[PDB]
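Here's a solo chain for you in structure tokens, the form deposited in one PDB entry.
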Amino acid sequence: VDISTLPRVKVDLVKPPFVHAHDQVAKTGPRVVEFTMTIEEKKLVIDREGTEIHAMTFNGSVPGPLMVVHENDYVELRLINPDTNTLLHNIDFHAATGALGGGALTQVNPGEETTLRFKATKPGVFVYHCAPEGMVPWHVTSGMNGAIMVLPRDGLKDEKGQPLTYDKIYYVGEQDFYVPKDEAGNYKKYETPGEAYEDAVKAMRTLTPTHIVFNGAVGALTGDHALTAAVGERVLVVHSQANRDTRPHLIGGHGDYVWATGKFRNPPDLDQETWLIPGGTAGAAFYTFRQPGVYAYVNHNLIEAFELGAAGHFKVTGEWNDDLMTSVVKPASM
């Protein structure tokens, strides 16, 4: 086909955990979907202690924004590396075929930009990440990763082939950071990216993250930024981890339908308590809320969740169902 004959649509991305507007069932034929991302290297405070790192981001956030297209759309990404940055960057889409997912074609020095197009031939949620030759894990584990969702053109389906339609979608990007520690166990600090590199590699080689966070920081998806829903709403949570395994769990709920490894031609796993998203993968879980109140959404290595940062909240509005759960005798001495 002459791709120039296809419709074009532009999307300005939104900051995670929110997701740009889209339609589950495709309302048009195949399109070229145009996205622009601007790389930003920036300081970020990642914990309650005030630990500040030099993050490497797509569009200013950790994770980068969720892109949404349909199967056999074309993705056309304009990637900009402003001259205010220091490092070389590129992008690898796990959704794409060829050229190291695009990384071989998108190397941009500060002051440069590029435009890549690929055909989204497989439905699913997929990781994207920076991957400069020779320095790949340093960029990924500095926050330079996100995800793309390639919906089937007829939307999602259950294990029987019947439609599943979400009312709300959220994108939780989970980030392992490796802040270098000294003999005493104290975090070390660095003056330039080049002076940081060897100790960054040493810290990564421990295979022991210092922080594991959702949306870029301890507690980011809590408080005024808790996720929200109403009783009876159907919610899809897309979860990615570009480098390390995770095991999501909704405390007080389930994954009613889960694509743990994220690929929608497969039937979902039903009624999951907890599911394994391998490092380098995006997964998706669908749940219909049945009770109001606070939920915690966690990586169910509970050390990772409650000590290292991999925990967020939902605040759910609505009616309490005493058939489903009740306190028969409240805590008391007798």
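Note that residue numbering follows the sequence shown and begins at 1. For the two forms, the rigid core is made up of the largest set of C-alpha atoms that agree within 1.5 Å on superposition.
If you look for the form deposited in another entry, you will not find it shown, but the lines that follow are about it.
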property	result
Conformational change between this form and the one not shown, one of 193, 209, 253, 137, C-alpha moving 2 Å or more after core fit	193
Rigid core superposition, residue 83 Cα moves 2 angstroms or more between this form and the one not shown	no
After fitting the core, residue 183 CA displacement of 2 Å or more between this form and the one not shown	yes
